[PDB]
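Note that each Cβ is placed from the backbone with ideal geometry, even for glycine, and that neighbours are counted across all protein chains shown. Please treat every number below as a calculation from the coordinates, not as lab data.
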Protein chains: 4
Amino acid sequence: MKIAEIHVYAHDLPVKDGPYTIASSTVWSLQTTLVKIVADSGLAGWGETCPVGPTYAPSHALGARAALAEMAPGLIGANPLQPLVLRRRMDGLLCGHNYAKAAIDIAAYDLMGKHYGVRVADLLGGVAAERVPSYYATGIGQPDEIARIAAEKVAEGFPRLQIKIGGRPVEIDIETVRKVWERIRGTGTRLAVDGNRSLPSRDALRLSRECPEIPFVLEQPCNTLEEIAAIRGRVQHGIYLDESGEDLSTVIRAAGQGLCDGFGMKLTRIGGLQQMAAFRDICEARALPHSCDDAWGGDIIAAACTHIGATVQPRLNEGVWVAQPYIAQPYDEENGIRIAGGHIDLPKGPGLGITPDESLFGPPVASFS
Amino acid sequence: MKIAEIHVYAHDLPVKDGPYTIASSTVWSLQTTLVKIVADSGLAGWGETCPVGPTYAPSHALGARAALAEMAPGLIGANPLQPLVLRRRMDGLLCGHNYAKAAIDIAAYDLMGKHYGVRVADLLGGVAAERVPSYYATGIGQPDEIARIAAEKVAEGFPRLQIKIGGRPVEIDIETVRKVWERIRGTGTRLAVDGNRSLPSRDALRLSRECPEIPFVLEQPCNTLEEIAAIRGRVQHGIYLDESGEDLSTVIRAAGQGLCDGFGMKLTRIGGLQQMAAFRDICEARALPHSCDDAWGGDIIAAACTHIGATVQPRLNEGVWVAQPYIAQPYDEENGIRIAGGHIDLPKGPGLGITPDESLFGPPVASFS
Amino acid sequence: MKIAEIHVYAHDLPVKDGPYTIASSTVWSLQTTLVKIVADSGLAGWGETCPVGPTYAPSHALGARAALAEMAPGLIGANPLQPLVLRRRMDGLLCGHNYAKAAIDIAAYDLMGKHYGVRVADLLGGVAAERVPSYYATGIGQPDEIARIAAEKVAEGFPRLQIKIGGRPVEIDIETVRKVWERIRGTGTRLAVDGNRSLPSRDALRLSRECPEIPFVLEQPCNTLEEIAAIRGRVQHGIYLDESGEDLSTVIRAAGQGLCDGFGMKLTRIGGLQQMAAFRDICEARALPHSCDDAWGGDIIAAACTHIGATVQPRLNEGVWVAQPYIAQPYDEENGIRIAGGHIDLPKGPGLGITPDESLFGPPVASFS
Amino acid sequence: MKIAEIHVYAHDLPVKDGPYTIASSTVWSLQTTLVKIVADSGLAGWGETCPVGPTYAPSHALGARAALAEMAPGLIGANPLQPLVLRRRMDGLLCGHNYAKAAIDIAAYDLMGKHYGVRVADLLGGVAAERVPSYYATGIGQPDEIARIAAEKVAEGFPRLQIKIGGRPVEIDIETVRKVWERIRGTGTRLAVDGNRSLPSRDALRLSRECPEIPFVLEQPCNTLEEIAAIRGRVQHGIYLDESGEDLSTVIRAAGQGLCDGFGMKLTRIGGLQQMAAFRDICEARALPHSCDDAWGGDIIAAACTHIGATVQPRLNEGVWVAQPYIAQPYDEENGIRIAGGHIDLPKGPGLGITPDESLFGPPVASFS
Ligand SMILES: C[N+]1(C)C[C@H](O)C[C@@H]1C(=O)O
Ligand SMILES: C[N+]1(C)C[C@H](O)C[C@@H]1C(=O)O
Ligand SMILES: C[N+]1(C)C[C@H](O)C[C@@H]1C(=O)O
Ligand SMILES: C[N+]1(C)C[C@H](O)C[C@@H]1C(=O)O
Ligand SMILES: [Mg+2]
Ligand SMILES: [Mg+2]
Ligand SMILES: [Mg+2]
Ligand SMILES: [Mg+2]
Ligand SMILES: [Mg+2]
Ligand SMILES: [Mg+2]
Ligand SMILES: [Mg+2]
Ligand SMILES: [Mg+2]
Ligand SMILES: [Mg+2]
Ligand SMILES: [Mg+2]
């Protein structure tokens, strides 16, 4: 098999009842980028990458499209059924830019699954669970209001909550954590507190020191991995990496040196499913719980996240986060990814199990053959 | 003296009022393996190895018999009165497989003791105590029920309890520990909490962080020694190794680098009494308390554990655990190992002090001469 | 699809012009164990595991068959198209025993490849090279004798030589290394020197110190990883792990903490292709060169090694070692694995590309349904 | 059985063709202390301790007798057939003073062996070799003079030489090492260079740096273990501890943290055979070569060293050093320890196999009942 065409699309996703606030990024609408790979046989696969604003991570929508335009001519003729070979070929065309490479990677797995008649999760080691947990991430807000929302989401069925903090005096974050805990204690709901790179070590230390009785994991409290390595010995709560886990080498450093207790891992950041599967295997060997998330995006990226998440040993699965609740229009109304009772049912069809209504995207901003 | 015959037996041991639940293994009946060594003089010694299900450790009943069948022809003619020489000879025939080698080792010490007219404990440095402490290990269950059982076992005389946890949400484990402590506090009963390799560092950290007022030692909370080394600086409760202590080299690493505060050590895992005695000497030099246990098994392995345990400095002796309370039929009704008042009286006769009713075992599954 | 039957075979492999001498194992004839998995449809896949004598590693032929006998009944009905799910299922039946699990893993990948019509290497990320390099490993022998063989094998086309040392005064090992280097310098041939766990740190230090001008990597010079970590900073030659690389967790330690510069890795030791592929991804992220070998065995295990080897980035591929030159009768007369010009061609057919002549093995020694 | 009497003897040992020059002690005549333990039955065992002058180690002849006088009354009635119980009993009477405790330890093993009819080596795991290697240690002297003696002693059969250095400009030590190497290279003789605590790190660094082509191990180059840990990474020669190995705890530190590559170990320093056997097991698990020596003394301490030495794995046995060549009158004319061909035959009789002629010692200087 050979790649015959690659099509790049720009598409807009407004935030229902926004904005969505992260200590490092507030957005009102997201620009996603879709990739369609067409084989010489005519069969097509789909990928997607959607940064959550331009300030969250070293990635942005215009940059995704620039990266894809750089690599695409060099990929025409490649065998899309060989994800590692294909990844090396991308590396031969452009250094870094995992978030763009990930879209090609995901399209190729979709195409592979359709070709062989198999679900992507089964190409990645096998379906361990047909329905996977999700988690709900609150925005930054008034303590009482965040606690109210947390209670509601637990009642909806979410087995885990992530409370966003930072960008304001830490006393308010601590009050938020305490008020949330008062409403969810004794429900068995797991808790994460995400500083999104915004806390000086001063405040990360204070948060943990003041709340030993509250069972959160502290997710990416500080900006750099060096700062996290420096506070870890003095912090009695588990610490998870998110933004710092930028590649497999960094994950190997963190696992091998005992620098964290788990991960919030994004598919596009790590470079796609080929790398994410290796990431999964590393975490399983070391009993490091993790989520399988992305920054944002619709059915295509969400299905890719759900497929890898379906392969995770259940006791290590911290959930699959998706932007679906904030997206008005699905790409696939019959099989698209939907949260139900705080969980996500894996699509049942071949490949990603998603057939996007291509009409929605508009003509490609760039085509290659 | 020379070994003239080696006989290998398969024998079944059903669990009274089971199953017995460990986070890593639930069993309903155990398959033990017995070894009889006959000297040219006609004198015989007995050994035993009995994994606690095939998933607890890298060992199983069929594997024990395969290992013994591999080594046995190469041991005919060896001097059974030289335990170190004999161990090196085994190593010359098969790499690893300590749990099988241990059965030959124990049979040889039994034979040595009978030949010289001395108790095995006196071959291992001398009887420091005629009666040794034991400890009772609970299964995993409802918090209140486990607390009730803990109170009963303290009333029976057990000076130490081990609470098994893991394989479920850690909130339940923590509730169990708290309810047990409420019933046993102020009795002077020592407490261990055994995660049996099942806790991610996330949960080990939480358990310790939440319970500074409860004086447990945390036994093998995490799967690998690397994970334990990573959490140790952040855990204020003593940490003991069990499954990780797979050989004397590992014990030397753990003692020399300060990676743990004690051990739950199994005779078969370490490779027998020759190695266990060295283990004992290392712990004594570093004031590291430990038990002398095994995975399971009847009078033969239990007596071997009791003999080495009788040599331990009393202040370091965390007890000898035996499967006797879960075994309906003793091998030796006159001198077999029995728990009385939470303690074990050392047999008074030469060798292990045990004469098994060989009839019980059936014909050997393999014989060598 | 579901596993309907599992059949275990025992088969002898006489060493051509024997014996083969490793510092830890001298072998005259090897006992291989073959496994055939049959699906409900009748489609079959083949696996193989063959310890290189019982003292090289904690593995042996009788032990392989005992482990398979323990696991097989619990695998009837499993889906063989899900290698990770299947591996966890095996872990739920027996702890450890990777060398036995690997035979099931390999048969399942063979079956998967046949079912989808794809080569195993293309189920593991894709073929990076159709012609895979091998390496020649000399046995221990006299310095001039070994230097001759080294020159002869370089001429035959092998791009890398491994010289086995140990088990005798180290000055003889050093003389051998110097005389081999005299023959092969200027031929572009890479050099490994394998101590096979046999050198005290005293001697490993001496070997490196005396030979800075000879560009060997020192493979598993000492018995334990702890010993290797202790000399590493005092050794100017690259150090590779072999025997110490017992599982993915240990690989993560070694890579993350920088304890070695590469690996000799055996498929059965790591537990099969699912784990080997993850191992490959770990090494690629850290630019750690490695081989894809096994202990011994015929066309089945050799094809498995060749398929994973064909996925390795060429600049990191230290070779695929196979026992074929020492094996008189191939299982597959037409398409079995053969070394040609010091290299190995990847088979063309689906699955492993091997069709064993079952009549060579005799009837199964154990059958499960 | 019970100790009925303890008798302490003082005896002079003139140095044949004296003196003997160590960087830390020059000696013309040594004051040995013998101990006879008599059981209720009248059976007796013998021990010995003989510091090599009062400045080599924190031990001296008057100190040996004072320590024995302190402990002896508290040992009347003890069971001498339990070496570990007996050792703890001594610890309960006097802290430290291993060199004195060792004399009691050795007499008790002698008695035990006589009582059971077994050789001491067979009470310590078993005889691995009937003929034990020794090593020759040169005194400090002129480079050409020492090189001659080195050649002469190699011819006599010693498989290892130890060259003493220090106490003068290091260039003279380096010249000595080079001239010795010139004589013994190509003879298969192993080389140790002993600084006896006398080199500043400045000079130890220089000695190793200048001589990479000379295969010595550097024994106790610096005064403290702290100094040795500090230079270790900058020294390419193996480093052995001698004087720093004061107890089992320090051995555990050195081995567990990889601070040395072997030991010169003295029986009296470590505290007797009970501790020496544990020391042996520690070294065997880590492939650390070691000698079994003492400071000085006649047939009694020499036989004790020979018996433990006969249990050491041959590949790790650096030799048993004894003072016999410097001692005119043996205690046992028939079966005393004698070096022959640079090796020592293990005595055949029960216990140590030595029967001292008591009349040589004079009446006891102290008797206890
Ligand atoms: C993955 N989230 C839950 C959604 C946002 O993209 C960021 C947030 C996190 O940082 O974990
Ligand atoms: C030794 N036990 C008390 C009995 C079981 O064999 C396991 C358990 C332990 O892991 O410590
Ligand atoms: C891979 N070999 C060449 C074959 C033997 O199985 C061992 C050897 C090695 O240890 O590297
Ligand atoms: C063991 N010696 C050879 C004899 C002396 O007691 C000291 C010396 C050494 O330090 O190695
Ligand atoms: Mg819930
Ligand atoms: Mg985050
Ligand atoms: Mg009590
Ligand atoms: Mg335990
Ligand atoms: Mg070539
Ligand atoms: Mg090797
Ligand atoms: Mg059937
Ligand atoms: Mg010689
Ligand atoms: Mg010395
Ligand atoms: Mg008296």
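Couplings 3J(HN,Hα) for region C:76-86, derived from phi with the Karplus relation 6.51 cos²θ - 1.76 cosθ + 1.60 (θ = phi - 60°), are 5, x, 5, 8, x, 8, 10, x, 6, 4, 4 Hz, where x marks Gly and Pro.
When chain C is treated as a Gaussian network with alpha carbon springs shorter than 10 Å, the biggest mean-square fluctuation among C:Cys305, C:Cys222, C:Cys211 belongs to C:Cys211. Along region D:166-174 the Karplus relation, 6.51 cos²θ - 1.76 cosθ + 1.60 evaluated at θ = phi - 60°, assigns HN-Hα couplings of x, x, 6, x, 5, 4, 6, 4, 5 Hz to successive residues, with x for each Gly and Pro. Label-point distances for C:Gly18 to the equivalent site in the other copies, using a point 7 angstrom along Cα→C-beta, read 4.1, 6.3, 7.2 nm when ranked shortest first. Given +1 at the Cβ of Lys and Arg, -1 at the Cβ of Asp and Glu and no other charges, the dipole of region B:93-185 around its Cα centre is 80 debye to the nearest 20. Around the Cα centre of the protein assembly as shown, unit charges on the Cβ atoms of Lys, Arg, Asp and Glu (plus for the first two, minus for the last two) sum to a dipole of about 1300 debye. Residue pairs exceeding 28 angstrom between C-alpha atoms, taken from B:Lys2/D:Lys36; B:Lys164/B:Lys266; C:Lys164/D:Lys153; A:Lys266/C:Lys348; B:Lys114/D:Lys348: B:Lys2/D:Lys36; C:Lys164/D:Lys153; A:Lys266/C:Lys348. Put the Cα centre of region A:307-369 next to the Cα centre of region B:50-117 and the gap is 57 Å. In terms of its Cα atoms, region D:147-191 spans 31, 16, 15 Å along the principal axes, sorted from long to short. With 0.36 nm allotted per residue and the present C-alpha distance subtracted, the C:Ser29-C:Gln313 stretch has 98.8 nm of extension available. Simple spin-label estimate for A:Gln257 and D:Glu70 gives 5.0 nm between the two label positions (7 Å along the Cα-to-Cβ direction from each Cα). Using a Gaussian network for chain B with springs between C-alpha atoms less than 10 Å apart, which of these wobbles most: B:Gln324, B:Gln257, B:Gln82? Sorting by GNM fluctuation, first place goes to B:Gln257. Taken along its three principal axes, the alpha carbon spread of the protein assembly as shown comes to 113, 78, 67 Å, from the longest extent down to the shortest. Counting only other chain Cβ atoms within 10 Å of each residue's Cβ, the peptide B:79-90 averages 4.
Which percent of the Cα-Cα distances in chain B go past 29 Å? The calculated P(r) of chain B puts 37 percent of pairs beyond 29 Å. For chain A, the antiparallel share of DSSP beta bridges with both residues in that region comes to about 55%. Specify the residue with the greatest mean-square fluctuation among B:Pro133, B:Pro159, B:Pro215, computed from a Gaussian network of chain B linking alpha-carbon atoms under 10 Å apart. The residue with the greatest mean-square fluctuation here is B:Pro215. Per residue of peptide C:186-197, the mean number of Cβ atoms on other chains within 10 Å of the residue Cβ is 0.
Measuring from each Cβ of chain C to the axis that turns chain C onto chain B, the shortest distance belongs to C:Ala66, 2 (residue, then whole Å). Simple point charges give the picture: +1 on the Cβ of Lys and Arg, -1 on the Cβ of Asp and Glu, and for region A:118-351 a dipole about the Cα centre of about 540 debye. Among the residues of C:227-233, the average count of other protein chain beta-carbon atoms within 10 Å of the residue beta-carbon is 4.
For D:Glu334 and B:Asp91, what does the FRET efficiency come to when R0 = 41 Å and r is the distance between their Cβ atoms, rounded to the nearest 0.05?
0.65
Once C-alpha pairs closer than 8 Å and six or more residues apart are averaged by separation and normalised to the residue number of chain D, the relative contact order reads 22 percent. The phi-based Karplus calculation (6.51 cos²θ - 1.76 cosθ + 1.60; θ = phi - 60°) puts the 3J(HN,Hα) values of region B:346-362 at 5, x, 9, x, x, x, 6, x, 10, 10, x, 6, 4, 3, 3, 7, x Hz, whole numbers, x for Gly and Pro.
Using the charge dipole of region C:118-351 (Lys, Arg: +1 at Cβ; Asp, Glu: -1 at Cβ; taken about the Cα centre), state which of C:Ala155, C:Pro200, C:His343 has its Cα farthest towards the positive end. My answer, from the dipole projection, is C:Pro200.
For A:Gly141, inter-copy separations between label points set 7 Å beyond Cα along the Cβ vector come to 4.6, 7.8, 9.3 nm, shortest first. Take every DSSP beta bridge whose two residues both sit in the protein assembly as shown; close to 55 percent of them are antiparallel. Positive end of the dipole of the protein assembly as shown (Cβ unit charges, origin at the Cα centre): among A:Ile146, D:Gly262, C:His290, the Cα lying farthest that way belongs to A:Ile146.
Candidates C:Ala310, C:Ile231, C:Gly271 compared by Cα position along the dipole of region C:231-311: farthest toward the positive end lies C:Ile231, with charges placed on Cβ. Applying the criteria of a DSSP loop state and at most 14 other Cβ atoms within 10 Å to the chymotrypsin sites (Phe, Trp or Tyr not before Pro) of region A:1-94 yields A:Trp28. In nanometers and ordered shortest first, the copy-to-copy spacing of the B:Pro212 label point, defined 7 Å from Cα toward Cβ, is 0.3, 5.3, 5.3.
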